[PDB]
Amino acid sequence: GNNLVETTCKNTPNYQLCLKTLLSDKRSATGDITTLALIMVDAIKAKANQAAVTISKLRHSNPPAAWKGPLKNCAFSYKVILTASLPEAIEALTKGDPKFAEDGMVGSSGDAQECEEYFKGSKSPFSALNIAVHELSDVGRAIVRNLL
């Protein structure tokens, strides 16, 4: 009945991405802004999990020499995102000290971009996933700022 999802999303760097992402989770029907923020973190986590297994699969197949280094570095980037950054954000949102969730979002946004950049010609074999993690993370940072 209310338009909190719409207006919260207009207050982010990517309205349509924010809108489609939040609406995909049933908690957005009645959730307050902290809940919308947790939905967004789960969306980043889903994309980050897909990126980590994608990287493992590429390394499992004996990647070409040009990708060995970037893939190992990206594997670390996603280990940090999934083990430290997103868990820190969930904990901060759940405990009511959201300013710490903003920090994890800045981190995952930067790390996803840095991973894409590790490849020559700057484009990686999973650019869509890195871009999604980056974009969803920036939407998440903006949603969190509302709670501050």
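Note that residue numbering begins at 1 and tracks the sequence as displayed. In this text, rigid core is short for the largest set of C-alphas that superpose within 1.5 Å between two forms.
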Check: If you line up the core and then measure how far each C-alpha sits from this form in 7 other deposited structures of this protein, which stretch comes out higher, 93-101 or 76-84?
Finding: 93-101
Checklist line | Divergent stretch in 7 other deposited structures of this protein, 62-70 or 107-115 [C-alpha RMS, superposed by the core] | finding: 62-70
Checklist line | Between the two ranges 107-115 and 39-47, the one averaging a larger CA B factor in the entry | finding: 107-115
Notebook entry, point to check: Mean CA B-factor: is it higher for 15-23 or for 125-133?
Noted result: 125-133
Notebook entry, point to check: Going by the deposited entry, which of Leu86, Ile33, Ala52, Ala66 has the highest CA temperature factor?
Noted result: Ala66
Notebook entry, point to check: Within this chain, which third does the Cα B-factor at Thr8 fall in: lowest, middle or highest?
Noted result: lowest
Checklist line | For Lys120, the third of its chain into which the C-alpha B factor falls | finding: highest
Notebook entry, point to check: Among the modelled residues of its chain, does the C-alpha B-factor of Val80 lie in the lowest, middle or highest third?
Noted result: lowest
Note to self: Where does the C-alpha B-factor of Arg59 rank in its chain, lowest, middle or highest third?
What the structure shows: middle
